[PDB]
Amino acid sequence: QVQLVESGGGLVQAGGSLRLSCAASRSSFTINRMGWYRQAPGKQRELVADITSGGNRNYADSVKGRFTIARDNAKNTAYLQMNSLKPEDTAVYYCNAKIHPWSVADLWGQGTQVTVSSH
């Protein structure tokens, strides 16, 4: 019954920046791993970046150097700083939570449209 509430996103010019934010609603302890996934038209949903409560991170190769993920352990919130956005970054972005290090069940946000327009 934990829920993930997304904010941010929307339309932005290519080259620009957006910050996505995620806040878990009703949790008794630190979510082990929070992250973002995205799904572009025609493609599978894929990892963008995630971060464990111990601060270990993963980034997709296509966003390394441009995107930064950060979290506040005590608050079960996280954010994704997306810089130098490209039209290929257009997608629905989803906050994701794995409760435990062995979690396979997904908790998902509702999904946030990000649309990167060019010239």
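The first residue of the sequence shown is number 1, and the count goes up from there.
- Please work out which of 63-71 and 22-30 has the higher mean CA B-factor as recorded in the PDB entry. Per the PDB record, 22-30.
- Task: Please pick out which of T77, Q39, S84, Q81 has the largest Cα B-factor as recorded in the entry.
- Result: The listed residue with the largest C-alpha B-factor is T77.
- Query: Based on the entry's values, in what third of the chain does the Cα temperature factor of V104 lie: lowest, middle or highest?
  - Reply: CA B-factor rank for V104: highest third.
- Query: Going by what the PDB entry lists, where does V2 fall on CA B-factor within its chain: lowest, middle or highest third?
  - Reply: Highest third - that is where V2 ends up once the chain's C-alpha B-factors are sorted.
- Query: Within this chain, which third does the Cα B-factor at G10 fall in: lowest, middle or highest?
  - Reply: Within its chain, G10 is a highest-third residue by C-alpha B-factor, going by the deposited values.
- Item | Position of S53 among the chain's modelled residues by C-alpha B-factor, lowest, middle or highest third | Within its chain, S53 is a middle-third residue by C-alpha B-factor, going by the deposited values.
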